[PDB]
Amino acid sequence: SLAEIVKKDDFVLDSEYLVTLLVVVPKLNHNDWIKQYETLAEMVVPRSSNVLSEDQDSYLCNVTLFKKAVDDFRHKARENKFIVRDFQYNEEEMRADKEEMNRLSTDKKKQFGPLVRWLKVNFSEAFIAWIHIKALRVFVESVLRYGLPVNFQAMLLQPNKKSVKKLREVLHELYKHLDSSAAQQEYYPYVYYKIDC
Amino acid sequence: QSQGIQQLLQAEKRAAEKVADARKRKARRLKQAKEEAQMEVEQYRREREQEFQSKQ
Amino acid sequence: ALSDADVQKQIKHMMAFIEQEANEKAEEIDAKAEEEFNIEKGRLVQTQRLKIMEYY
């Protein structure tokens, strides 16, 4: 976008008979353009050219010329391998665009602050709910697995590294001998759910 | 930039003067046209009135 | 890479060109002023003349 490139001070505005064209000239033809552009059309104003901006591959220059010559300049510019943009400076449009950009940036940050504060709170609550609901799950499964009364020995285990073998061993021996062969992914001596955290 | 600007400002001034002056003249000629037409038809009216009165 | 004379002549041409266009438009404007003059006079004089004739 030219919004951050072009200034009001680069154009002759409300001119009676001139139009401004923008030409992107290859770096290799930069000096060439500075001279060549003069002969690309009839009725060109002397010493009106300048450089408006520069880039690493090409430069952006403006030219002011007779309205009717717009067609000829562009054609000859094409012939000399320059890319010429028809850009009519519009103070109101460029400002409007900059205001919209800044407004949306401000609104995004403003919502973000409270957004993430709200979400952080709601997600904690969601996590607690996850905990509550699975504690109930384990409650009712324990009831279904063992019957009544409801006093069960329920533990939250934080395994030690590489202890899962020993853990299985110890829990197996601990409960398997007390219940039955009837009860892994299906049959485990206890109620067991994985907490992924 | 200042040479092209002064030049186009001068060309604008002359062109604007040329067309504004012709527009003013058009307006003036139309008013003149109305006054002359009015004067003729008023003379015509007077003459027809005299004929009328003669006839009555 | 151009001399003062080469561009100076072209600037002179650009300005004179614009003045010439304004001049041609001014001439067109005066010709039309004459046309509108005659049109308005004819229309008005005949309309009023008709009203006079019907009156009498």
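Above this text is the structure in question.
What to know about the overall build of chain C
When you go through chain C residue by residue, the secondary structure sums to 1 helix and 0 strands. The principal-axis extent of the C-alpha atoms belonging to chain C is close to 85 × 10 × 5 Å.

So, the overall build of chain A
Tallying secondary structure elements over chain A gives 4 helices and 4 strands in all. Each helix (α) and strand (β) of chain A, taken in turn from the N terminus, gives the series β-α-β-β-α-β-α-α. Each principal axis of the C-alpha distribution contributes one length, and for chain A these read about 105 × 35 × 25 Å.

Quick look at the interface of chain A and chain B
Chain A puts 5 residues into the contact, and the matching count from chain B is 4 residues. Residues that form the side of chain A that touches chain B fall into these classes: 2 nonpolar, 1 polar and 2 charged.

Considering the interface of chain C and chain B
Often, the extent of an interface is quoted as the loss of accessible area on bringing the components together. The interface of chain C with chain B comprises 11 residues on the first partner and 12 residues on the second. For the side of chain C that touches chain B, a count of residues per class yields 8 nonpolar, 1 polar and 2 charged.

Structural notes on the sheet that holds strand β4 (residues 83-85) of chain A
Residue and element names in this part refer to chain A. In space, the 4 strands of this open sheet follow the order β2-β3-β1-β4, with antiparallel pairing throughout. Each edge of the open sheet is held by one strand with a lone partner, namely β2 (50-54) and β4. On average, each strand axis in the sheet is tilted by 30 degrees relative to the strand beside it, whichever way the strands run. Both strand β1 (residues 18-26) and β4 contribute to a ladder of 3 bridges, which runs antiparallel. For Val23, the partnering residue across the bridge sits in β4 and is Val84.

Overview of the pairing of strand β3 (residues 58-66) of chain A
Residue and element names in this part refer to chain A. Two elements, β1 and β3, share 9 bridges in a ladder whose sense is antiparallel. From the neighbouring strand, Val25 faces β3, where its bridge partner is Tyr59. Pairing analysis gives 4 bridges linking β2 to β3, with the strands arranged antiparallel. In the strand pairing of β3, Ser53 is matched with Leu60. Turn length for the β2-β3 hairpin, with the two strands adjacent in sequence and antiparallel, is 3 residues.

Concerning unusual backbone geometry
Residue and element names in this part refer to chain A. A cis amide bond links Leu148 to the next residue, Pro149, at an omega of 5 degrees. Structurally, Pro149 is set in the loop between α3 (91-146) and α4 (164-176). Residue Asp14 is not a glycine yet carries a positive backbone phi of 55 degrees. Summarising the element assignment, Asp14 is placed in the segment before β1.

Focus: the packing of helix α1 (residues 2-55) of chain B against helix α1 (residues 4-55) of chain C
Between α1(B) and α1(C), the shortest axis-to-axis distance is 8 Å and the interhelical angle comes to 10 degrees. Here α1(B) lies roughly parallel to α1(C), going by the angle between them. Between α1(B) and α1(C), the residues in contact are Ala11(B), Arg14(B), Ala15(B), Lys18(B), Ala22(B), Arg23(B), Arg25(B), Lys26(B), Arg29(B), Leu30(B), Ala33(B) and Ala37(B) and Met15(C), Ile18(C), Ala22(C), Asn23(C), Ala26(C), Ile29(C), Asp30(C), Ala33(C), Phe37(C), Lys41(C) and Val45(C), respectively. Class assignment of the residues belonging to the contact of α1(B) with α1(C) gives a composition of 14 nonpolar, 1 polar and 8 charged.

Calculation rules
- Residues numbered from 1 in each chain as written, not as in the entry; some residues may be left out.
- Chains lettered and ligands numbered in written order.
- Part of a larger assembly, values for the part shown.
- Heavy atoms only, no water.
- Residues with missing side-chain atoms left out of burial classes, pairs and counts.
- Helix = DSSP H or I, 4+ residues; strand = E, 2+ residues; numbered from the N terminus.
- Contact = heavy atoms within 4.5 Å.
- Nonpolar A, V, L, I, M, F, W, Y, C, P; charged D, E, K, R; others polar.
- Pairing = 2+ DSSP bridges.
- Axes fitted to C-alpha atoms, helices over the stretch in contact; angles between N-to-C directions.
- Parallel < 35°, antiparallel > 145°, perpendicular 65-115°, else oblique.

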